[PDB]
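Undergrad: Those protein sequences? They're chains A and B, same order as listed.
For what it's worth, this note's numbering labels the leading residue of the first sequence as 1, then goes sequentially.
For what it's worth, this note's numbering labels the leading residue of the second sequence as 1001, then goes sequentially.
Backbone N, C-alpha and C fix where the C-beta goes; we use that ideal spot for every residue, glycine too.
Could you have a look at this structure, given as structure tokens, before my questions?
2 protein chains.
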Amino acid sequence: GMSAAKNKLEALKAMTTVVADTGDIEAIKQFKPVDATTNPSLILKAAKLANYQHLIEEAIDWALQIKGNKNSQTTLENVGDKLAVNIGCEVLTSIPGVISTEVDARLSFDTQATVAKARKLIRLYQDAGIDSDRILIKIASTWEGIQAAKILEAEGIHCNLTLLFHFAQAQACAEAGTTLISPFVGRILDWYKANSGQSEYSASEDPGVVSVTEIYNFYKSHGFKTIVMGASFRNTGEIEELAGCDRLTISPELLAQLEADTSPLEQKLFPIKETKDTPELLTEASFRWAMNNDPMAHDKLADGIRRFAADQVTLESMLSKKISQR
Amino acid sequence: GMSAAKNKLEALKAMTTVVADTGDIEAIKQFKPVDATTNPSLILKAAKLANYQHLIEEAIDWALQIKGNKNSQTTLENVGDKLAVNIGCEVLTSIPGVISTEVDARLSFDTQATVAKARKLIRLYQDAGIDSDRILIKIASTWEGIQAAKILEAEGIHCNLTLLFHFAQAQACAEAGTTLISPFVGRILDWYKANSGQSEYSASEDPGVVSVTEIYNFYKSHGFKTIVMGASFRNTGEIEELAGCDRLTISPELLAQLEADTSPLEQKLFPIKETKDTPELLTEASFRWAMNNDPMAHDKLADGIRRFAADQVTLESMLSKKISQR
């Protein structure tokens, strides 16, 4: 009784809820995760799949057949959402748990627009015959996005707060009653490698791992209920260094790697007891200072937002063509 | 509510029972720890103190006045023990907690001789008017020394199992009902630096820290009651990387350093929940293989034993002179 095997994928599945970071059933079928996650990039990617081409149409159909009478932008944005939901719908058939679908990132600094879109996406899922509880609406972790999550969570729409790079986002998310957070580990790494002069890190010193660890400890030791889900890893090293965590979402590439590795897997994160009083509320002004004060988190949020919004438009360009071919 | 300050010494005192690794009241008075620890080296060292010279006599006196009628070895070994106890006695006056006094390390591979000596040392403390519960008898963590600790602990003599370098020693100690273990962190470091080709380590990758962490987690997650007390540090980095631990014993040099540092101190070790079943008993044969199989722990135990036994004889040489001057 030191660890208890088979291989690392199987091993991890026993101390941590494993989640596939992909839009593609093929990967889900092969790895049999309990949740899955997508995002604008992964949706763009999945949309390029041959077997998924049918889903683009069924989206335009729905968009059109519902919308008998055309707003070249408004109507594009309805096909966009439907496609994401269709793709979610497909993965859902093959997983026992939950799906994470992300709102249009262009909405990131606008709380009300964000909540509108979340309810929208939920409704679209209800239409497809899916209980809202099978769903996590993913929102970039800006102040505004967290305020959104507050409102939604208060009426039982569950949120995945993503692009999380910092303690301050963590505290705020939790203070607002968020269901889950998805800190972007690999990206914290990327930033430090490209900016620090240290440019080799090991699992322990990996600043993403260090960050997600502080947060995890803070959550459990303070009784906060928000699920902690590491995401967006550069390597197995980091995933391993987090083994024990509530959940972890993992690329099919890294997923394959884990399954192929037969070495034993030491648990690193543990159930910790609640022993500290819930702390002073983190104010907007304090949040914003914290966040401006940390170069890497300041950079990496903005950039992930830029990147995801960009992928929204390139996704839209491609949908526009299919649009005009009628 | 992130951390809650004053300086690092004071900070650590709040998440961890702080212990001074020294024989000298001057250091105890200055740092006001709750426990203290000594060992053959520290006793040899303390014995060189001017203000302590009186204690060497009072030891020879007692040895002689009790022993009206001289065995040149046997009688030396009685003055030895008394001196350690006298020195413990002195530190005890200035600490609210417990003292750790180590048996003659030459006894390390002999269980019965060891238990005899422990009871002896306890009795000597009772004579000085001290409840046995104020005392931790320190024993090298060989199989034999652990078997000793079993016997003693079963009759309520409490043990500090020291020179701990490995998981296997940890499991065995705990399975035998040991009160406390003192893993030698700095020494694990020393070994790796001198043997691995990696020769810079940071707090996270420090193999001592890594080891003591695995153990700590194993203890708490498995319900075992043995106190974990990191010891014998090369630097503040390691002590910090362990902040939260049950206790930590620390040199006055490192103690000074901690007090002088005003940066905030993040807690790293937390109260973890008991969730796993007590594991299969670790057999002698399995212990001995584990231990032979790990170059560093195999080296470092033997060597710490050699070193401590050596310090016993050099301590004795010096006592022999004071002996013959009558």
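Is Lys117 of chain A buried or exposed, if buried means 16 or more other CB atoms sit within 10 Å of its CB?
TA: By one-based count along the first sequence, residue 117 of chain A stands at place 117. Classification of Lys117 of chain A: buried, given that the 10 Å Cβ count is 16 or more.
Undergrad: From the DSSP output, read off the bridge partner residues of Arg247 of chain A.
TA: Position 247 of the first sequence, counted from the first residue, corresponds to residue 247 of chain A. Bridge partners of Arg247 of chain A: A:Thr17 and A:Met229.
Undergrad: Would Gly68 of chain A be called buried (16 or more neighbouring beta carbons within 10 Å of its own) or exposed?
TA: Working through the first sequence from its first residue, we reach residue 68 of chain A at position 68. So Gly68 of chain A ends up on the exposed side.
Undergrad: Give the DSSP bridge partners of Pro1183 of chain B, in chain order.
TA: As a first step, residue 1183 of chain B is located in the second sequence; it is residue number 183 there, counting from the start. Its beta-bridge partners are B:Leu1164.
Undergrad: Quick one: measure Cβ to Cβ for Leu121 of chain A and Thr114 of chain A, integer angstroms, because I've assumed they're closer than 8 Å.
TA: Position 121 of the first sequence, counted from the start, is the residue given in the question as residue 121 of chain A. Position 114 of the first sequence, counted from the start, is the residue given in the question as residue 114 of chain A. Not a contact, Cβ separation roughly 11 Å.
Undergrad: Can you list, in chain order, the residues of its chain whose CB lies under 7 Å from that of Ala1128 of chain B, leaving out five sequence neighbours each side?
TA: Translated into the one-based positions of the second sequence, residue 1128 of chain B becomes position 128. Around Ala1128 of chain B: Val1085 and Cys1089.
Undergrad: For residue 328 of chain A, would you say it is in contact with chain B, using Cβ-to-Cβ distances shorter than 7 Å as the test?
TA: Because residue 328 of chain A is not part of the residues shown, which for chain A are 1 to 326, the question remains open.
Undergrad: Can you tell me the Cα-Cα spacing of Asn292 of chain A and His298 of chain A, whole angstroms?
TA: In the first sequence, residue 292 of chain A corresponds to position 292, counting from 1. In the first sequence, residue 298 of chain A corresponds to position 298, counting from 1. If you take the alpha carbons of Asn292 of chain A and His298 of chain A, they lie about 6 Å apart.
Undergrad: Between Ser221 of chain A and chain B, is any beta-carbon pair separated by less than 7 Å?
TA: Taking the first residue of the first sequence as position 1, residue 221 of chain A is located at position 221. At least one chain B Cβ lies under 7 Å of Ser221 of chain A.
Undergrad: Going by other Cβ atoms of all chains shown within 10 Å of its Cβ, with 16 needed for buried, is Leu1281 of chain B buried or exposed?
TA: Sequence index remark: in the second sequence, residue 1281 of chain B carries index 281 (1-based). Exposed, by the Cβ-count rule.
Undergrad: If you measure beta-carbon to beta-carbon, which residues of the segment 1272 to 1296 of chain B are closer than 8 Å to chain A?
TA: Flagged, chain order: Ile1272, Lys1273, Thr1275, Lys1276, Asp1277, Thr1278, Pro1279 and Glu1280.
Undergrad: With a CB to CB cut of under 8 Å and the five nearest residues on each side skipped, what residues in its chain are close to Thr275 of chain A?
TA: Within the first sequence, numbered from 1, the residue matching residue 275 of chain A stands at position 275. Here the set comprises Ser221.
Undergrad: Please tell me whether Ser211 of chain A and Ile227 of chain A are closer than 7 Å, where the distance is taken between their beta carbons.
TA: The residue you call residue 211 of chain A lines up with position 211 of the first sequence. The residue you call residue 227 of chain A lines up with position 227 of the first sequence. No, these two residues do not count as a Cβ contact at 7 Å.
Undergrad: Answer yes or no: do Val19 of chain A and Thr38 of chain A have a C-beta to C-beta separation smaller than 7 Å?
TA: The residue labelled residue 19 of chain A in the question sits at position 19 within the first sequence. The residue labelled residue 38 of chain A in the question sits at position 38 within the first sequence. For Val19 of chain A and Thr38 of chain A, no; Cβs fall outside 7 Å.
Undergrad: Assign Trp1289 of chain B to buried or exposed, taking buried as 16 or more other Cβ atoms, counted over all protein chains shown, within 10 Å of its Cβ.
TA: For the purposes of this step, residue 1289 of chain B is taken as the residue at position 289 of the second sequence. Per the 10 Å Cβ criterion, exposed.
Undergrad: Which same chain residues, not among the five before or five after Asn217 of chain A, have their C-beta less than 7 Å away from its C-beta?
TA: On the first sequence, position 217 is the one that residue 217 of chain A refers to. For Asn217 of chain A, where only same-chain residues beyond five positions count, the Cβ hits under 7 Å are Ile272.
Undergrad: Nearest to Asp1190 of chain B by CA position, among B:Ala1046, B:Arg1234 and B:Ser1141, is which residue?
TA: Within the second sequence, residue 1190 of chain B is the residue found at index 190, counting from 1. Considering only alpha carbons, the answer is B:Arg1234.
Undergrad: Assuming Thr1074 of chain B is part of the beta strand (DSSP E), what are its boundary residues?
TA: Within the second sequence, numbered from 1, the residue matching residue 1074 of chain B stands at position 74. Not the beta strand (DSSP E): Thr1074 of chain B falls in the alpha helix (DSSP H), residues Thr1074 to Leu1092.
Undergrad: How long is the line joining the alpha carbons of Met229 of chain A and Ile95 of chain A, rounded to whole angstroms?
TA: Here residue 229 of chain A refers to the residue found at position 229 of the first sequence. Here residue 95 of chain A refers to the residue found at position 95 of the first sequence. Looking at the two C-alpha atoms, the distance is approximately 17 Å.
Undergrad: Does DSSP classify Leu269 of chain A as helix, strand or coil?
TA: As a working note, residue 269 of chain A is residue 269 in the first sequence. Of the three classes helix, strand and coil, the one that applies to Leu269 of chain A here is coil, per DSSP.
Undergrad: Please report the distance separating the alpha-carbon of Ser199 of chain A from that of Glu205 of chain A.
TA: Taking the first residue of the first sequence as position 1, residue 199 of chain A is located at position 199. Taking the first residue of the first sequence as position 1, residue 205 of chain A is located at position 205. Approximately 11 Å, taken between the alpha carbons.
Undergrad: Between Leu1136 of chain B and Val1098 of chain B, is the Cβ-Cβ spacing less than 7 Å?
TA: As a working mapping, residue 1136 of chain B is identified with position 136 in the second sequence. As a working mapping, residue 1098 of chain B is identified with position 98 in the second sequence. Yes, these two residues count as a Cβ contact at 7 Å.
Undergrad: Short check: CB of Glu144 of chain A to CB of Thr178 of chain A, under 7 Å?
TA: As a working note, residue 144 of chain A is residue 144 in the first sequence. As a working note, residue 178 of chain A is residue 178 in the first sequence. Against a cut-off of 7 Å, the Cβ pair of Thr178 of chain A and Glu144 of chain A comes out as no contact.
Undergrad: For the segment 1074 to 1081 of chain B against the segment 1309 to 1316 of chain B, do three or more pairs of beta-carbon atoms, one drawn from each stretch, fall closer than 8 Å, so that the two count as touching?
TA: Yes, they touch.
Undergrad: Please report whether the beta-carbon of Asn235 of chain A lies at a distance below 7 Å from any beta-carbon of chain B.
TA: On the first sequence, residue 235 of chain A is found 235 positions in, with the first residue counted as 1. No, its Cβ sits nowhere closer than 7 Å to a Cβ of chain B.
Undergrad: At a CB-CB cut-off below 7 Å, which residues of chain A make contact with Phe1270 of chain B?
TA: Residue 1270 of chain B sits at position 270 when you count from the first residue of the second sequence. Correct list: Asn217, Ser221 and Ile272.
Undergrad: Check whether the Cβ of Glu10 of chain A lies closer than 7 Å to any Cβ atom in chain B.
TA: In the first sequence, the residue the question calls residue 10 of chain A occupies position 10. Output row for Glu10 of chain A: interface = no.
Undergrad: Which two residues bound the contiguous alpha helix (DSSP H) that contains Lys322 of chain A?
TA: As a first step, residue 322 of chain A is located in the first sequence; it is residue number 322 there, counting from the start. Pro295 to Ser324 is the extent of the alpha helix (DSSP H) around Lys322 of chain A.
Undergrad: Is it true that the CB of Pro1279 of chain B sits closer than 7 Å to the CB of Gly1 of chain A?
TA: Mapped onto the first sequence, residue 1 of chain A falls at position 1. Mapped onto the second sequence, residue 1279 of chain B falls at position 279. The answer is yes: Cβ separation under 7 Å.
Undergrad: Which partner residues does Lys1138 of chain B have in the DSSP bridge list?
TA: Reading the second sequence from its first residue, position 138 is the one you call residue 1138 of chain B. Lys1138 of chain B pairs with B:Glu1102 and B:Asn1160.
Undergrad: Please confirm whether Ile1056 of chain B and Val1103 of chain B have their CB atoms less than 7 Å apart.
TA: The residue given as residue 1056 of chain B occupies position 56 in the second sequence. The residue given as residue 1103 of chain B occupies position 103 in the second sequence. Cβ distance not < 7 Å, so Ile1056 of chain B and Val1103 of chain B don't count as in contact.
Undergrad: Going along chain B, which residues have a C-beta under 7 Å from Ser204 of chain A?
TA: Locating residue 204 of chain A in the first sequence gives position 204, where the first residue counts as 1. Chain B residues near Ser204 of chain A: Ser1204 and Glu1205.
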